[PDB]
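As the structure lists them, so they are numbered: ligands from 1, and atoms in each ligand from 1. Below, all heavy atoms of this structure are taken into account, side chains as well, without hydrogens, waters or symmetry copies. Numbered from 1 within each chain, the chains take letters A, B, ... in sequence-line order.
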Number of protein chains: 2
Amino acid sequence: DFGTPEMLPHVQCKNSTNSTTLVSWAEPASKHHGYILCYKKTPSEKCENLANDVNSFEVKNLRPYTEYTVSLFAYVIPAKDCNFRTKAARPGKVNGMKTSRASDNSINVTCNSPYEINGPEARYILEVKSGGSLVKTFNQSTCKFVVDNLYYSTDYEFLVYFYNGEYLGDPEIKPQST
Amino acid sequence: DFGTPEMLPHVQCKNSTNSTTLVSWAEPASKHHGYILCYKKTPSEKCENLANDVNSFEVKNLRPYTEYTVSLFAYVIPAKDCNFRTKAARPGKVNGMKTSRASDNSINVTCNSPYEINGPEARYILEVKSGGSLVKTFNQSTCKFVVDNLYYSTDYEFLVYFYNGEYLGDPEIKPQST
Ligand SMILES: *[C@@H]1O[C@H](CO)[C@@H](O)[C@H](O)[C@H]1NC(C)=O
Ligand SMILES: *[C@@H]1O[C@H](CO)[C@@H](O)[C@H](O)[C@H]1NC(C)=O
Ligand SMILES: *[C@@H]1O[C@H](CO)[C@@H](O)[C@H](O)[C@H]1NC(C)=O
Ligand SMILES: *[C@@H]1O[C@H](CO)[C@@H](O)[C@H](O)[C@H]1NC(C)=O
Ligand SMILES: *[C@@H]1O[C@H](CO)[C@@H](O)[C@H](O)[C@H]1NC(C)=O
Ligand SMILES: *[C@@H]1O[C@H](CO)[C@@H](O)[C@H](O)[C@H]1NC(C)=O
């Protein structure tokens, strides 16, 4: 109906930066208005000629946990797009793992996300070991752990794994004494 | 016309793996056929409510050298999609840089692509230094360099930079003697 959320014509957005753009549109004199800005990555179609007279094809080299759309075209020598999602895989290792003394018997552990997530979620698992024995374990949304109440002159190992909702990746291991 | 490249109905593609899928379609008894399989990443629209009665908006936190599409919706409190591309940025550092002796006065240098490309191309720049002086330079598509005819008992530094068609990133530096 008139005044309900409708798409706006003549929108400008080309004045971009490496990480931003300025989106601008016509100024209505008329009344008071609310707005919804919508955006997505423009994906480019990748086409290939298969072998003649084949019934199936294995599409390879796809990224894990990614939504894709396929279409087939035939020629002699309404059709809907087919949607699928690749299965999840093991994520990569965390980046920039830093182990630091917070106090006399306290250690602070920080890291940044892996580049390859490969799944629906993002969690950080920290294992704390001494002489190969599990001393403490933590599971968080943010890779900022405060590990306190440890023994005074002890060698500890800190193992941070990324969890993507389906898989645990390899740990980034860092030694740190008290 | 009849027999020219037309989109095929009833295509199946859901039996995926972490990096592949099986795409299958109806077997025509009729004649001999050629095929084009087309695919792309299905991008998800990200919508947000802006402030009321505004004329412009700065879309931030975008990836460098990425194509995007924007649309605006107004409501009281044919319109085309607007396409743009973020500008290029400095790529990241190369991964897994390995320096090895190929012979007595020969060194082999290998690395893998950075995670962040941020531009249209992919090239590897290798600088070879001795006592801070530039000895050799190479520019290649593949990060596999064979550095021969060096002096016999000399310390050299190998600096590999990634070039993305617009920017050079930071070097990965590795010492290697002959
Ligand atoms: C992808 O799946 C195969 C089959 O299970 C597995 O061997 C491979 O490790 C997987 N990749 C990752 C990164 O999980
Ligand atoms: C340890 O991290 C906490 C935040 O999680 C912070 O308040 C504290 O100052 C940090 N200590 C050191 C030594 O960085
Ligand atoms: C970490 O916690 C989440 C809940 O917040 C849970 O679903 C997940 O299973 C835990 N991590 C691992 C590695 O299982
Ligand atoms: C993005 O652009 C700004 C402005 O020139 C610059 O300071 C910043 O370093 C750029 N980022 C990269 C990774 O090139
Ligand atoms: C050096 O690399 C070349 C390929 O570029 C290969 O033929 C040669 O065997 C390599 N040598 C060593 C020591 O790996
Ligand atoms: C490397 O070579 C390409 C041509 O193949 C050239 O366009 C580019 O300028 C060179 N690299 C750098 C860092 O300029």
Side-chain angles (χ1 to χ4, degrees), chain A residues 58-66 84-94 96-112 114-121 124 126 128 136 138-150 156 158 160-171 174 176-178, chain B residues 15-22 65 88-95 111-115 117-128 134 136-145 158-172:
Chain A
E58 190 83 342
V59 179
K60 290 169 172 168
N61 312 303
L62 306 177
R63 321 270 205 273
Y65 205 74
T66 299
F84 74 93
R85 195 184 46 215
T86 47
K87 303 293 160 246
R90 293 178 88 243
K93 299 168 73 194
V94 299
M97 195 192 154
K98 227 133 99 228
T99 198
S100 82
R101 242 152 291 165
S103 104
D104 296 41
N105 71 347
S106 206
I107 304 306
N108 269 18
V109 185
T110 55
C111 81
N112 303 118
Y115 292 106
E116 291 186 53
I117 307 312
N118 302 338
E121 295 138 55
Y124 297 90
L126 167 68
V128 182
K136 299 168 178 292
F138 306 82
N139 176 348
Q140 283 168 209
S141 288
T142 58
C143 196
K144 47 151 187 183
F145 306 93
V146 35
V147 189
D148 51 48
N149 309 320
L150 303 162
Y156 287 100
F158 301 82
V160 181
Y161 308 73
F162 190 81
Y163 179 65
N164 74 12
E166 276 177 71
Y167 295 103
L168 218 50
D170 285 334
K174 295 287 169 241
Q176 181 88 350
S177 275
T178 53
Chain B
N15 208 325
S16 62
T17 274
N18 56 27
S19 63
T20 87
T21 199
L22 171 82
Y65 205 74
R90 293 178 88 243
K93 299 168 73 194
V94 299
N95 292 294
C111 81
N112 303 118
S113 179
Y115 292 106
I117 307 312
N118 302 338
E121 295 138 55
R123 307 201 54 99
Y124 297 90
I125 310 309
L126 167 68
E127 285 195 322
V128 182
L134 195 60
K136 299 168 178 292
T137 192
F138 306 82
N139 176 348
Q140 283 168 209
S141 288
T142 58
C143 196
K144 47 151 187 183
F145 306 93
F158 301 82
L159 300 92
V160 181
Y161 308 73
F162 190 81
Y163 179 65
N164 74 12
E166 276 177 71
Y167 295 103
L168 218 50
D170 285 334
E172 195 53 73

Measure the CG-OH distance between A/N118 and A/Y65 for me, rounded to the nearest 0.5 Å. 11.5 Å
For ligand 6, which atoms have a heavy atom of B/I125 less than 4.0 angstrom away? 11 (N), 13 (C)
Identity of the nearest option to atom 4 (C) of ligand 6, non-hydrogen atoms only, from B/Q140, B/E166, B/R123: B/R123
Tell me whether A/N108 contacts the main-chain N or O of A/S100 through its side chain, where contact means a donor paired with an acceptor under 3.5 Å. no
Centroid-centroid distance, A/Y124 to A/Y163, less than 6.0 Å: no
Tell me whether A/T86 contacts the main-chain N or O of A/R63 through its side chain, where contact means a donor paired with an acceptor under 3.5 Å. yes
May I ask you to list the atoms of ligand 1 that are less than 4.0 angstrom from any heavy atom of A/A89? 12 (C), 13 (C), 14 (O)
Counting only non-hydrogen atoms of the protein, does one fall under 4.0 Å from atom 14 (O) of ligand 1? yes
Does some non-hydrogen atom of the protein lie less than 4.0 angstrom from atom 8 (C) of ligand 2? yes
Show your working on side chain to side chain donor-acceptor pair (under 3.5 Å) between A/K87 and B/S16 and close with a plain yes or no. CA-CA 6 Å; A/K87 303 293 160 246; B/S16 62; 3.2 Å; yes
Only heavy atoms of A/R101, strictly under 4.0 Å: list the atoms of ligand 2 that pass. 13 (C)
May I ask which of B/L168, B/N139, B/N164 has a heavy atom nearer to atom 11 (N) of ligand 6 than the others do? B/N139
Value rounded to 0.5 Å, distance of CG in B/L126 from CZ in B/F138: 6.0 Å
Give me the residue, atom name and distance of the protein heavy atom closest to atom 1 (C) of ligand 1. B/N18 ND2, 1.4 Å
Per-atom filter on ligand 2: closer than 4.0 angstrom to a heavy atom of A/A102 are 13 (C)
Is there a nitrogen or oxygen of A/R90 sitting under 3.5 Å from a nitrogen or oxygen of ligand 1? yes
Judged on heavy-atom distance to atom 12 (C) of ligand 2, which of A/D148, A/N108, A/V109, A/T110 sits nearest? A/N108
Under 6.0 Å from the CG atom of A/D148, do we count more than 12 heavy atoms belonging to anything else shown? yes
Roughly how far apart are B/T20 OG1 and B/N15 CG, rounded to 0.5 Å? 8.5 Å
